[PDB]
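Labels run A, B, C, D and E following the written order; every chain starts at residue 1.
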Amino acid sequence: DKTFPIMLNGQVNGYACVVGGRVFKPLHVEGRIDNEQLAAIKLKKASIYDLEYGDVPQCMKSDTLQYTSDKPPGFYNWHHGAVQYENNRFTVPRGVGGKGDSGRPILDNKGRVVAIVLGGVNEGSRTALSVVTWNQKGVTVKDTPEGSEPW
Amino acid sequence: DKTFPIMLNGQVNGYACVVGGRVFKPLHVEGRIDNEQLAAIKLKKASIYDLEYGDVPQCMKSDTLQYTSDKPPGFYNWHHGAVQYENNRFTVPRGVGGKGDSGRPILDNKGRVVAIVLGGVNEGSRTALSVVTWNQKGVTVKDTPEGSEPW
Amino acid sequence: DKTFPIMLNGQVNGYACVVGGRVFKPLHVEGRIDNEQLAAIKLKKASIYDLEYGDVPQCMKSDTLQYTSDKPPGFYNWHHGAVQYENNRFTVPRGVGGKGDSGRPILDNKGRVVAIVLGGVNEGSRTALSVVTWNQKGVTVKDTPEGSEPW
Amino acid sequence: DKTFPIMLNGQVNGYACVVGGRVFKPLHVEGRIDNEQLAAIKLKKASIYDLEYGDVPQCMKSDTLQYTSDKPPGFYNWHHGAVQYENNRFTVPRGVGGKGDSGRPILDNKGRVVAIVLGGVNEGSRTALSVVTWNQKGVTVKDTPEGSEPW
Amino acid sequence: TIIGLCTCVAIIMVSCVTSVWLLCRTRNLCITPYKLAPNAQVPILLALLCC
């Protein structure tokens, strides 16, 4: 697999992912990654993005997720199914997301990572997601809706 | 699972049980509990009953064993088979139970735990069990027949 | 199991063999032994033989490979295929050996350990192996061709 | 019969055998031989080999087992079945024999006694036996694997 | 006077520590039988004498 759940007391409270040769885990998710090879690397803080990162082991650098900055309007998928990307917001039907789904990447129709979900806001019809994505210039940006809650 | 083995050097050195939201394991048994959720619990010592106790995580409380003190004479069930209760003593056929079986629970026909097996007496044809149970007032008591040895 | 692989970063980088009731592992192969009990025993160093050794656990004393000092001209086998012994030298077909095969014993037609492989040299026609074997006097003797690469 | 049980309180503590014209029994075996003709014999304490011995009465001279020092590697018979001897070691499968079996003789393919069992060591799937044997020159010696428990 | 006062303070400390240790151990031994039995009467008098 490519996504590695993060476990604190034997329970999953988040998910780590490997993108472009880097291991990304949410900063607010405390615990150890359910692995031995990826868990032995020291991780750097990225508090401006609520993320942590580290270098993938040499034997693991090839088995990593690809990402893209091109996010045309339409439907995207993730672990829990389809995700709608419109009006510059990632959103899922009410109740689809919830606490624990922190660090789960969102994938496009080509299997490329487009965003890392950190939280969300429940709107009238769909729940908006707080994610770390890349703008049209490929620069890492934290796109969060108003009143988002960490998951 | 209601019974969790305790491993010292990779071998099972006893079993830990969760009853009514509390976990018990033999005080004389060294090693870690083979459960991430239970291994993280800091237990208090109760030298009167040769056991350690503590509370369990919220996820386990919903499925803990039910305490009962109604112990009429007759046959009771336990991991290795049936248990005979006579003269206010728990006994089993010779060869049933030994080193490493300490901490196993004894239950009635209703699924309620009546005693915790910590040791026993090796007789010619039968064995007497050294167990922790409750009296007619529901107060914890330790029954150690003469010559009982911890398992 | 009598031959156990050695892992450093999660991948196998060699083998530790239980021969004669004793552990034989190369010194240049760093990492823990696959078996937890073989990794828990303190081992001694024999730099003149490029191998590390120690007494096996009680249960492993009988479940061990027997060894023989008699290696007449003929064919032998290992996990990479057949091994040919000629001119007192262990030669394998071109390309058969390689990195990670160190520590694997060469077995005779009776399943007895004849030599432990440590490295080899590609001669352009066949590959000569660096092995640890026993001479006509039954004394441990290292035999390595000049320029052999530790595997 | 050439083997006689030794009983202290009615339970079998060991066995005695007549080999070469002498009655043999271990020092650690307590009790009396069922045959009064042998029990009345004053036995010499050969603490060097943990054996008591005496002269066979003329009335019992016919009940004597032949012995030999020619013990090549192979399988030997005794009261519990076959016995495997290799590398100057006597071995039986685990669970074959135990306390009370000391003093039993081991016979070759010709019915000649080659060893007397004193105890053994459980080595995984096999149990090694402590035996009194004659070396290649026919001299009585005691073979004791480390940690052997007298039977 | 210095020796007397120091001896008195040492005696007071040792005695108070021993008294509190014995009383706390008494509470632990008295209450432990009921902690391992959540469904117990736990008479009110128990909370007054052992606590």
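Here is the rule we go by: a residue touches a chain if its C-beta (ideal position, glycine included) is under 8 Å from a C-beta of that chain, and two chains touch if they have at least 3 such contacts.
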Most centrally placed chain - per-chain CA mean versus overall CA mean: B
Pair sharing more residue contacts (C-beta pairs) when B-E is set against A-B: B-E
Chain centre separation in whole Å, for chain D relative to chain A (CA means): 74
Intercentroid distance (Cα basis), chain E paired with chain A, Å: 55
Chain A and chain B: spacing of chain centres that average the CA atoms, whole Å: 45
Between chain C and chain A, distance of the C-alpha-averaged centres to the nearest whole Å: 47
Partner chain D, residues of chain C touching it in the complex: 58-63, 66
Chain E to chain B touching residues, read off their complex: 29, 32-41
Complex contacts: residues of chain D adjacent to chain C: 87, 91, 122-126, 128
List of chain A residues in touch with chain B within their complex: 7, 9-11
Residues of chain B touching chain E in the complex: 20-22, 24, 46, 48-49, 53, 67, 134, 137-141
